[PDB]
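Residues per chain, in single letters:
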Amino acid sequence: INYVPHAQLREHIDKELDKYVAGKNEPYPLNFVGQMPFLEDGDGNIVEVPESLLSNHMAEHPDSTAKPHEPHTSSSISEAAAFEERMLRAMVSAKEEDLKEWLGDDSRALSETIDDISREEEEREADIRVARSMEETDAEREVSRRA
Amino acid sequence: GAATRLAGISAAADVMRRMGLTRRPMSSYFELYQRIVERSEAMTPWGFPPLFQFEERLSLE
Amino acid sequence: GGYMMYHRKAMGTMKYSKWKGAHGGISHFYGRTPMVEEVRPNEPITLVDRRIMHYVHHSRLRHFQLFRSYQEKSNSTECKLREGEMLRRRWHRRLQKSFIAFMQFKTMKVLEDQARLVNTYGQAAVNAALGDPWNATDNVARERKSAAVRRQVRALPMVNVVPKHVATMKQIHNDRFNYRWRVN
Amino acid sequence: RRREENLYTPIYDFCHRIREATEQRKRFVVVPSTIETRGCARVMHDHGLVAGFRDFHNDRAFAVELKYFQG
Amino acid sequence: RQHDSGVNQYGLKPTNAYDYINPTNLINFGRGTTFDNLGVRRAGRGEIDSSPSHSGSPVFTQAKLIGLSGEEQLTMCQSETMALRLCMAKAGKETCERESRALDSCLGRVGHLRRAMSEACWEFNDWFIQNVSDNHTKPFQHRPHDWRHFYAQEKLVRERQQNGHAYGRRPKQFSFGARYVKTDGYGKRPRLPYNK
Amino acid sequence: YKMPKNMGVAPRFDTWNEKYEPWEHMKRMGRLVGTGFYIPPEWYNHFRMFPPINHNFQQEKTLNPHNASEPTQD
Amino acid sequence: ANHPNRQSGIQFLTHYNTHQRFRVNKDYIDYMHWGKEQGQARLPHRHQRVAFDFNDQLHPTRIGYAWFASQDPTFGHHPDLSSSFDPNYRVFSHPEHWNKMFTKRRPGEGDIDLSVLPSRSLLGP
Amino acid sequence: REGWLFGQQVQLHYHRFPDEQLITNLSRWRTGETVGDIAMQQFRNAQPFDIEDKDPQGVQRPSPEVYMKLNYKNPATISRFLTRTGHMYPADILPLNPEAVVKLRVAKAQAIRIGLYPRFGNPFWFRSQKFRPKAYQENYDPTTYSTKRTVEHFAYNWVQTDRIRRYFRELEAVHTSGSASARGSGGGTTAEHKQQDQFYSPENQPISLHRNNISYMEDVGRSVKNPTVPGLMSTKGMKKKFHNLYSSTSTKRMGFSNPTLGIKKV
Amino acid sequence: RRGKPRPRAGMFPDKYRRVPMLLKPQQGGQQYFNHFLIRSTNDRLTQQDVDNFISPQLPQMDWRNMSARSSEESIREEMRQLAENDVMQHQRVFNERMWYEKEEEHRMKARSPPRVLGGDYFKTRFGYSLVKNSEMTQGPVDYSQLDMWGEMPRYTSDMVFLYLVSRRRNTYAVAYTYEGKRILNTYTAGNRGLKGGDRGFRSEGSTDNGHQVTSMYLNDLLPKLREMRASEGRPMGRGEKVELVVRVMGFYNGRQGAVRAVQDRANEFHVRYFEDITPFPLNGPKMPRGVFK
RNA sequence: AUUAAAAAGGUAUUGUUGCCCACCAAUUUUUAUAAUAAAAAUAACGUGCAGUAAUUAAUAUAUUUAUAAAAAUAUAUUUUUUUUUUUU
RNA sequence: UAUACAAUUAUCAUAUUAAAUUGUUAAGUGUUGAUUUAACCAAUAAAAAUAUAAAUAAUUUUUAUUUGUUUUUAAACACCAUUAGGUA
Ligand SMILES: [Mg+2]
Ligand SMILES: [Mg+2]
Ligand SMILES: [Mg+2]
Ligand SMILES: [Mg+2]
Ligand SMILES: [Mg+2]
Ligand SMILES: [Mg+2]
Ligand SMILES: [Mg+2]
Ligand SMILES: [Mg+2]
Ligand SMILES: [Mg+2]
Ligand SMILES: [Mg+2]
Ligand SMILES: [Mg+2]
Ligand SMILES: [Mg+2]
Ligand SMILES: [Mg+2]
Ligand SMILES: [Mg+2]
Ligand SMILES: [Mg+2]
């Protein structure tokens with residue numbers, strides 16, 4: 001185990017604060033929570049944002065100029081095994097495009113039917129006998145009390 | 001531990017025949033056979049609740 | 001006075017009253033949001049909703065929420081209710097297993113029957129009656145049949161029902177989804 | 001556990017074990033092993049009130065075998 | 001003989017001393033009662049006191065099981081009616097009896113399916129009555145006080161943890177803000193009851 | 001106070017067997033015949049010399065499910 | 001005895017220090033989840049029983065086949081030799097081990113000790 | 001005396017002994033009806049499924065590795081054990097090894113106070129669906145507390161039988177009418193059958209046996225949805241009365257009328 | 001009859017009970033039967049003509065094909081064949097579904113020595129026995145299956161947040177700019193009339209008051225939106241939709257109707273995210289005491 | 001062409017026109033005399049209608065309140081009637 | 001007047017071999033307003049989440065110790081009174 005001694009402290013702290021420095025030639029390490037966090041340059045300004053977060057980062061502070069951060073790419077085999085990876089991933093998005101939902105074709109023709117059948121249930125419902133207690137006023141509640 | 005049921009039925013018909021139980025001979029065998037064949041179609045046919053199986057204070061309809 | 005969010009008087013509208021928290025975009029509800037549904041393109045939000053609501057109702061969450069968020073009940077009455085609930089559940093389960101243990105017998109008798117049909121008409125005949133393509137010939141007939149099966153198997157979206165909430169007078173239970181009397 | 005309660009003897013409890021294991025129709029009982037206890041066992045096995053018995057020179061216990069007749 | 005052993009000439013045959021003192025019980029229960037209906041303390045079917053029992057609480061939900069007549073009830077054909085509704089809502093220029101035929105074919109089958117299920121379920125009611133139901137003879141299991149012994153077992157535990165002392169005692173509820181409104185020296189969290 | 005319906009006629013779930021157990025009738029009929037004043041039924045004339053099995057005991061008095069009570073029904 | 005917490009009855013045939021099962025402070029029983037194979041929930045578990053039935057097997061001798069060499073070469077594992085058999089085996093009991101009393105009995109609540117059940121976690125190995 | 005499972009008075013089975021199928025079918029067997037017979041083979045010894053929870057309260061769920069990730073820093077793996085709202089499942093809905101419940105409530109707690117999990121909701125709800133045993137309505141698992149699925153497959157197979165019935169009823173129908181070539185003065189049907197049965201009747205070719213038929217069919221187009229203008233009587237402002245509407249006479253013989261029915265709620 | 005309800009129709013003896021079965025309906029037209037029978041037979045013969053098995057087969061003429069099967073090539077074959085099909089089939093009848101999937105895979109697939117490691121080698125690998133059984137995917141793992149914010153909303157500087165709150169006796173709706181600036185006031189079921197001195201409290205918080213309120217609020221919501229955008233220089237002239245996040249408080253009845261009144265505005269309002277915020281009471285301050293406890 | 005059969009309690013005892021509860025007068029009797037002693041017998045008068053799941057379910061402790069039964073709140077509880085998601 | 005409890009299981013007040021005690025978190029502002037309630041009246045409304053192992057069994061604690069009453073509202077809900085406050 002490499003223990004941080006008191007002599008080595010700030011050296012180590014700084015080697016660490018520079019883990020994500022907003023540019024490098026090599027792939028970046030993840031978090032303990034397993035995320036790719038924001039790449040800050042020297043002095044800790046927020047320069048490069050990964051794709052999942054960009055919408056929100058821009059929507060909150062628009063004037064902030066930040067880049068989408070892409071990972072450095074590493075190519076296994078040829079463009080052939082990557083095009084076959086493209087075929088397998090496309091087949092996955094295809095089986096999921098089949099299983100996801102149908103929705104017919106057009107929206108408004110579906111919504112029409114949904115609202116209609118909701119209505120039909122609304123008025124098959126209103127014919128249900130209520131409870132005596134919900135039905136009557138306090139006039140005859142009192143009447144039956146005296147009686 | 002489940003034996004074969006043929007010896008049992010040929011026996012139980014034999015007893016009713018040699019005992020004088022029925023006036024007309026066949027009736028013994030027929031009734032005993034029939035009553036089994038009808039129960040053959042029932043869910044969990046050969047088991048019975050202990051209380052309703054036989055004569056007891058409360059009975060089945 | 002200060003109320004919680006699930007409280008009756010919570011979000012008030014009056015001359016004095018004002019709503020608490022940053023109310024839009026990134027909001028008071030920021031990490032307090034129980035469910036999130038991205039609406040698929042060309043999808044009515046009425047399906048979205050009725051799915052959400054069916055979900056909460058069948059898992060008895062909307063039950064719980066309605067229940068605890070209206071009135072106070074001492075830990076004893078709350079215990080009595082949750083345990084009564086759970087024990088009636090236990091009972092009805094022990095019923096379902098019986099029903100099911102019978103129905104699997106019923107299904108067995110059906111399948112058995114289907115076997116008898118098999119040795120009356122021969123297996124292949126039975127198969128023919130069951131939608132077998134023996135007239136299939138070439139692939140195009142198979143594709144018409146499988147285009148039929150495709151257009152069947154693809155599922156229309158469920159409109160599934162959510163029982164309405166019954167508002168009774170002094171509200172002994174605001175869990176009330178039916179008019180039957182309950183034991184509080 | 002407290003004062004008013006009886007003070008038990010491995011005779012008292014010997015007897016009630018045998019009694020209870022005779023009621024549940026068990027074939028063996030494990031029973032406390034002191035001197036007058038296995039004495040009592042030998043006497044009962046003499047008179048044929050008990051099917052048999054053994055002490056294994058186990059310290060706590062020894063075991064008796066019960067006898068049943070006509071159900 | 002000609003009939004049951006537990007029923008004599010005048011009614012149910014009175015074995016325990018409760019029946020010699022209270023011999024209404026010999027012949028009466030409920031409205032549905034007949035003279036052959038004693039000794040079977042369940043009456044006919046579709047009838048008053050016909051209901052089978054399971055651990056003593058009677059079974060009144062049978063239809064709800066097979067998914068005939070339930071709010072949760074089993075639904076045969078959906079894709080049909082949604083398809084036809086879709087067509088009906090789209091436009092009025094083209095008209096589809098092409099769908100309505102598929103659909104009413106479907107319903108035409110549905111009828112015999114239902115008679116089948118109803119039949120099988122009546123068979124279940126019978127089987128259940130023979131091999132499961134106790135005929136309202138055994139104590140209810142379905143209400144929490146019927147399990148009191150169980151709960152007691154856990155009260156006992158929480159007591160022996162407390163040096164065999166406070167039975168059925170619980171921690172005093174505090175406040176919504178309990179921890180953070182209280183100064184040093186006062187208990188900020190609810191203690192064990194023996195630890196008051 | 002509500003009860004399950006038929007509790008008045010509820011059978012004794014431990015002891016309702018005793019009455020019918022073969023040994024019982026063997027003993028009773030045994031001392032009945034012994035009198036000289038009763039004519040033995042023929043079943044007794046038979047099981048006189050083949051008295052029933054000893055160690056089969058019901059599950060009510062012995063509380064064990066795992067006990068295989070019966071040489072026959074096992 | 002109709003009193004709750006006295007329901008476990010009088011058993012002498014236990015191994016505990018009292019013949020009254022309901023004063024025994026060691027093992028509190030569990031009426032809801034217990035007694036699948038022992039019949040009633042009151043009665044002692046199979047491995048702890050000090051009284052034995054006629055046609056039932058008794059306790060397996062523990063080992064912790066090499067030694068049968070003189071026997072029938074075919075003879076399999078003698079039914080009473082057990083690799084793992086414990087007379088002291090704590091059976092999980094909710095009212096003891098998962099005790100929901102000081103709570104409202106909602107889904108996660110109740111206090112649990114994990115020292116009862118043997119760890120199925122990967123962390124150990 | 002009770003079975004453990006549902007409290008049955010008998011041990012479940014379909015068949016028990018080796019001969020019962022034979023002995024039941026005996027005259028068929030001597031006949032030689034049963035030779036190629038597949039119904040007396042397939043199901044002869046068939047017994048019920050084991051409908052049982054090997055784990056009533058799962059000590060099996062989760063499987064080992066999962067425990068590792070049950071800490072505060074695995075939002076995903078927390079989420080596969082909660083609802084879509086973030087709450088835990090009641091013990092008898094999704095049973096978990098007590099270890100897992102401890103680690104889980106602890107996890108969610110820590111995770112929340114560190115800001116790594118929301119105070120409500122399940123952010124991994126969809127991703128986590130892989131890990132859940134989603135059970136398709138098309139497959140059948142013999143152990144379910146689902147009563148719907150059971151009856152569903154019952155229905156499916158019975159209707160699958162009915163298909164066969166109908167196919168072979170209409171088939172030989174089409175060989176009663178389709179075998180008519182030389183049937184006009186042919187032997188295939190008796191002269192007396194020419195006499196009696198060659199007349200239209202309920203079993204032969206009825207007109208319709210039922211009221212409310214379809215007469216007058218036409219190809220005309222549809223109309224606009226709701227062509228009718230709402231009536232002059234307002235249905236809205238009218239309050240629906242149920243119980244006190246008519247006057248009834250109580251058949252109550254003796255005793256105070258049960259308060260739950262009349263007066264009890266509010 | 002007298003001060004009591006009339007019975008249901010089926011409670012009466014049959015209306016036509018005295019009219020014999022042959023009469024309802026009448027089977028008339030018996031005259032035409034014979035005619036249509038002869039007709040159909042004549043027809044059949046015509047259909048036979050349009051188109052236009054006791055070819056004697058002697059068993060001794062076949063012998064060569066019989067001797068073909070006595071050679072152990074063919075019986076090697078039958079043995080292989082029969083040992084393949086003896087494998088305990090789970091099928092039991094032709095099944096439509098399984099056929100469909102099967103041939104579906106035939107369309108998908110039509111579109112598509114090194115020393116064996118002993119048991120000892122796997123005895124020395126602890127890891128391997130934990131690889132075999134593991135849930136965890138081995139290979140490069142998808143990142144979108146890790147990240148926290150993967151399934152979550154993604155907002156835009158221009159979005160309008162519409163709050164639909166369904167309460168027990170009431171329902172109301174509002175809208176807000178992404179920066180939290182309130183647009184129009186909160187239209188309420190008691191604000192719009194719709195509530196007091198009327199049909200009752202039972203129907204007060206009902207479905208269609210939620211509908212009334214939302215459909216009334218959206219109607220007024222459009223123009224002021226075009227104004228607030230006209231102020232900053234966003235014209236939003238035509239072919240435009242308002243991007244909407246619908247947030248719903250609820251489990252009450254007024255919820256259903258509310259969202260429906262949004263769904264019909266789909267030509268104007270485009271709903272990106274439907275996410276509800278409904279408060280859940282873990283524990284907190286006392287709620288007001290109800291009747292019983 | 002729209003619905004209906006099957007689960008339920010009694011302090012009474014031919015049973016709700018059933019029974020009971022306290023205060024409010026006389027008297028009778030013992031005593032350990034607290035607004036106006038306490039307790040027990042008791043068949044007037046007058047107020048109610050507390051109780052029998054009984055017109056806001058009851059029972060116990062706790063604190064408060066008071067023409068009279070009792071009522072409000074805080075806890076536990078059924079000698080109160082049940083309504084039931086094995087990852088959706 | 002004298003003249004034979006139980007000791008295998010009995011609900012109101014004479015406890016007793018036990019592992020606890022301690023954790024500083026959350027929540028809050030935009031604007032012109034009919035919320036809650038069967039129904040009245042005062043009038044900002046949001047909120048307070050984490051711990052297992054371990055402590056050995058019995059023999060002189062019974063004048064000892066111990067069984068949901070608790071500072072601080074300038075913090076609320078809730079509850080009680082009714083617009084003045086009490087309590088929390
Ligand atoms: Mg104040
Ligand atoms: Mg009845
Ligand atoms: Mg009562
Ligand atoms: Mg009764
Ligand atoms: Mg005096
Ligand atoms: Mg006095
Ligand atoms: Mg009262
Ligand atoms: Mg009263
Ligand atoms: Mg009352
Ligand atoms: Mg009281
Ligand atoms: Mg009091
Ligand atoms: Mg008073
Ligand atoms: Mg009081
Ligand atoms: Mg109270
Ligand atoms: Mg005492």
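- For this deposition, the record names cryo-EM as the technique by which the model was determined and cites 3.37 Å as its resolution.

1. Topic: the layout of surface pockets
For step 1, the next point in the chain: Here the second largest pocket defines a volume of roughly 1,600 Å³.
For step 2, the next point in the chain: Here the lining of the second largest pocket is built from residues that sort into 13 nonpolar, 14 polar and 13 charged.

2. Section: the pairing of strand β2 (residues 171-177) of chain I
Both faces of the sheet carry side chains from a regular strand, because those side chains alternate between them.
All names here are of chain I.
For step 1, the next point in the chain: Extensive coverage of β2 is indicated by the burial of 6 of its 7 residues.
For step 2, the next point in the chain: In this structure, strand β1 (residues 160-166) lies alongside β2, joined through 7 bridges in antiparallel fashion. Across the sheet, the residue bridging to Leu-164 is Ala-173, located in β2.
For step 3, the next point in the chain: Taking the residues between adjacent antiparallel strands as the criterion, β1 and β2 are bridged by 4 residues.

3. Considerations on the protein's contact with RNA strand J
For step 1, the next point in the chain: Surrounding RNA strand J, one finds 70 residues, the nearest of these being C:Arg60, E:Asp49, E:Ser51, F:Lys2 and H:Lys264.
For step 2, the next point in the chain: For RNA strand J, the fraction of atoms within 4 Å of the protein that belong to sugar or phosphate moieties is 52%.
For step 3, the next point in the chain: Separating a phosphate oxygen of RNA strand J from a backbone N or O atom of F:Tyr1 is a distance of 3.2 Å.
For step 4, the next point in the chain: Contacts to RNA strand J include I:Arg289, whose side-chain N or O atom sits 2.9 Å from a phosphate oxygen.
For step 5, the next point in the chain: Of all elements in the fold, only α6 (139-146) of chain A, α1 (45-58) and α3 (75-121) of chain C, α5 (148-160) of chain E together with α9 (259-262) of chain H reach the threshold of two or more residues within the surface near RNA strand J.
For step 6, the next point in the chain: Here the element with the most residues in the surface near RNA strand J is α3(C); it accounts for 9 residues.
For step 7, the next point in the chain: Class assignment of the residues belonging to the surface near RNA strand J gives a composition of 22 nonpolar, 20 polar and 28 charged.

4. Comments concerning the interface of chain C and chain G
For step 1, the next point in the chain: Facing the 10 residues of chain C at the interface are 6 residues of chain G.
For step 2, the next point in the chain: Taken over both partners, the interface formed by chain C and chain G buries close to 710 Å², and the fraction arising from carbon and sulfur atoms is 53%.
For step 3, the next point in the chain: Together, C:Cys79, C:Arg82 and C:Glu83 form the three largest contributors to the area buried by chain C at its contact with chain G, with a combined 48%.
For step 4, the next point in the chain: Where chain C packs against chain G, one counts 2 salt bridges.
For step 5, the next point in the chain: A salt bridge links G:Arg106 to C:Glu78; the nearest nitrogen and oxygen atoms lie 3.1 Å apart.
For step 6, the next point in the chain: Counting every contact that joins chain C to chain G gives 2 residue pairs in polar contact.
For step 7, the next point in the chain: Looking at the side of chain C that touches chain G, the elements with two or more residues in it are α2 (61-70) and α3 of chain C.
For step 8, the next point in the chain: If one sorts the elements of the side of chain C that touches chain G by residue count, α3(C) sits on top with 8 residues.

5. Considering the packing of aromatic side chains
For step 1, the next point in the chain: All told, the structure shown has 39 aromatic pairs over all chains when counted by the stated rule.
For step 2, the next point in the chain: Each member of the aromatic cluster is reached from another via a ring pair, and the members are C:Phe99, C:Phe102, C:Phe105, E:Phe124, E:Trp127, E:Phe128, H:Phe6 and H:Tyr14.
For step 3, the next point in the chain: The aromatic ring of C:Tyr70 is capped on one face by C:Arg8, whose charged end is 4.1 Å from the ring centroid.
For step 4, the next point in the chain: One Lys or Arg, I:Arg192, reaches over the ring of I:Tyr187 and ends 4.1 Å from the middle of that ring.

Criteria and thresholds
Residues numbered from 1 in each chain as written, not as in the entry; some residues may be left out. Chains lettered and ligands numbered in written order. Part of a larger assembly, values for the part shown. Heavy atoms only, no water. Residues with missing side-chain atoms left out of burial classes, pairs and counts. 1 Å grid on protein atoms, 1.4 Å probe; cavity = no way out; pocket = protein on both sides within 12 Å on 5 of 7 lines; lining within 4 Å. Points joined across faces, edges and corners; volume = space filled by probe spheres on them. Nonpolar A, V, L, I, M, F, W, Y, C, P; charged D, E, K, R; others polar. Buried < 20%, exposed > 50% of the residue type's maximum accessible area, 1.4 Å probe, protein only. Helix = DSSP H or I, 4+ residues; strand = E, 2+ residues; numbered from the N terminus. Pairing = 2+ DSSP bridges. Near = heavy atom within 4 Å. Polar contact = N/O pair within 3.5 Å; in protein donor to acceptor, adjacent residues only side chain to side chain. Contact = heavy atoms within 4.5 Å. Buried area = accessible area lost by both parts, 1.4 Å probe. Salt bridge = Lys/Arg side-chain N within 4 Å of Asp/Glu carboxyl O. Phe/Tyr/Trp six-rings, centres within 6.5 Å; stacked < 30°, edge-to-face > 60°. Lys NZ or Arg CZ within 6 Å of the ring centre and 35° of its normal.

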